[PDB]
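Let us start with two forms of the same protein chain, each given on its own as structure tokens and named structure 1 and structure 2.
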Structure 1
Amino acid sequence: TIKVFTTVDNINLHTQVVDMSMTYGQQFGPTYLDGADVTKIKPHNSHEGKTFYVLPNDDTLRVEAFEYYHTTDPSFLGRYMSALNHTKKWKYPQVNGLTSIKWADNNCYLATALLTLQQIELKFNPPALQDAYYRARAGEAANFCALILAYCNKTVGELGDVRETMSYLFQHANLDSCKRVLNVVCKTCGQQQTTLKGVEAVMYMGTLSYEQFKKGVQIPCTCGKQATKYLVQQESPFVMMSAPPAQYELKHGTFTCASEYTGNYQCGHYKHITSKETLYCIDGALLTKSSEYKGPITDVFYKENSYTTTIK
């Protein structure tokens, strides 16, 4: 018989004593050791003193689970420990001072998401996302990538969209202070102004150029008259301009970072473009610098503080 520790958050540890006769699944229930499902493994002698992850079996550990993860989904813990099993085996090299991921199990969209988050100002609501965020910026993003897969309901090897991944992450972040008012000018319906807050205030699908969104885009109205939806005010620390993959010229200093997508729908590859003193191209561990860039771009990230248009 040995003494081990069970926890749901790895912050509040609960001490337990197990017996060699019964497996972990008998006493604790579903138990995981650093990602490995040890529900069907009997306690070995080298397990004394180690910390174990267990699904909440009483109301005390149910609350500790929400305090750290902000979810009551029982399958969340299983998916998270399943994703951690391959993410802890990935390589996370430092590419130009940023933490990237070497290609493995179709993680090109995770590497682009990781590199992007290190360049935008974001505060996660779940403490598990925030603590792993800080650890990712240091250079240990294994737990962070596992949580992204869990929160996005994706599995390892699955094909993921960087915009959809960011969309899920923004809903678990504090964007309540973000606002965006728009003005749609219709030739028949007249003038109508809407106001977006939260996640829908920092994302737009249709164009990549933030200047074009300021000048106005042609969106169809119900009567057929193409309204010129232009941005009026934007109080957000960043904006994401998304558009279907198309050839786009990127210039250093005009944007923060971009997502390159090459290949067919869903079965393709993601490369991350970032702007410094010169344009950099990060593909896993590979790095390519250039003064100009032209290629297929799906998302472009810009910086913002407090903007008000000059169009009436």
Structure 2
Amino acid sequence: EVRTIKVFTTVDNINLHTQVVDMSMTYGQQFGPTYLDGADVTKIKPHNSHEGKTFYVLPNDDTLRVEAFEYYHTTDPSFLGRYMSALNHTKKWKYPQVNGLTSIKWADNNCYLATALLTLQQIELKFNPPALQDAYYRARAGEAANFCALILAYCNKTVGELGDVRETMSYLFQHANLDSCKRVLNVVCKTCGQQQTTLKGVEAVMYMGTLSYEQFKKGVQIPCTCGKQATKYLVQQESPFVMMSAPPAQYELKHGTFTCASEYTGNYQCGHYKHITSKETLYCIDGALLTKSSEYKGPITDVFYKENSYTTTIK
């Protein structure tokens, strides 16, 4: 009456669950969306050659949901489906080594993912979700399909959409161990006094308004509550890097003064990101393309700087 084979199911490829499957029913009828080595097998019926194989499935019971939470650090039931949807594309991208870093050859507007991937290889950062940490290690080795698809899933973006580097880094930093990061700022306004503020976590390493770390330390002009202009400056910084962002204009990059940067060109609604890194000179990594130059000048949107512990000497 009923013929069967034994297979394994998983949501993390670490915990394997024995399943006896009915060979007269499809995998989708029995498990829902089912993948065998990234290949969609939802519509097909079990075959004798499938016996003993491991199948990815979505978390549709309590055991699988706990494992998904522990591996991906998410409770969104749609997360693994969106990751698999993205992976179907990113598994076809090429991930060349460029200047010793894993880049991504351009496809489907993935330029923002390349400069994000390149940036992460240059700043000291640990990822909390085991899925992210594992996929980052594979990406550093040149096999970044899983990492890229995770990024898309964590940001709730799909292949082809315009990505923003600042927004993307912000999502990823929420899943990094940045709790020990600290920033202390002071704002000063004639006729209003002084006031200080302490930031922690992601907010302690990201700033929007100037690309220059030294300018942030010397003071930036900001509108006050009264309506006149005031001066905000960085008092103390505890973090392994800082990210400085600004609306793009024409910014000059010089060797040895920064770690890496991102540039935005083309049509503003559907444009193009490049990566600039400081090595023994400046390299512009443009997906698979590489140029070298003494200096660089353009519509820079984000600059990353190394840091450890900073304390101001101004009063």
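If you superpose the two forms and keep the largest set of C-alpha atoms that fall within 1.5 Å, you have the rigid core. The first residue in the sequence of structure 1 is number 1, and each one after it adds one.
*Asks:* Compare the position of the CA of residue 280 between structures 1 and 2 after a rigid core fit and state whether the shift reaches 2 Å.
*Replies:* After core superposition, the C-alpha of residue 280 moves less than 2 Å between structures 1 and 2.
*Asks:* Rigid core superposed, CA of residue 40 - does it shift 2 Å or more between structures 1 and 2?
*Replies:* It does shift by 2 Å or more.
*Asks:* Smaller rigid part's rotation against the larger between structures 1 and 2, whole degrees?
*Replies:* Rotation of the smaller rigid body relative to the larger: 17 degrees.
*Asks:* Fitting the two forms on their rigid core, what distance in Å separates the Cα positions of residue 188 between structures 1 and 2?
*Replies:* That residue's C-alpha is offset by 2.2 Å.
*Asks:* Superposing on the core, what C-alpha displacement does residue 99 show between structures 1 and 2, in angstrom?
*Replies:* That residue's C-alpha is offset by 0.2 Å.
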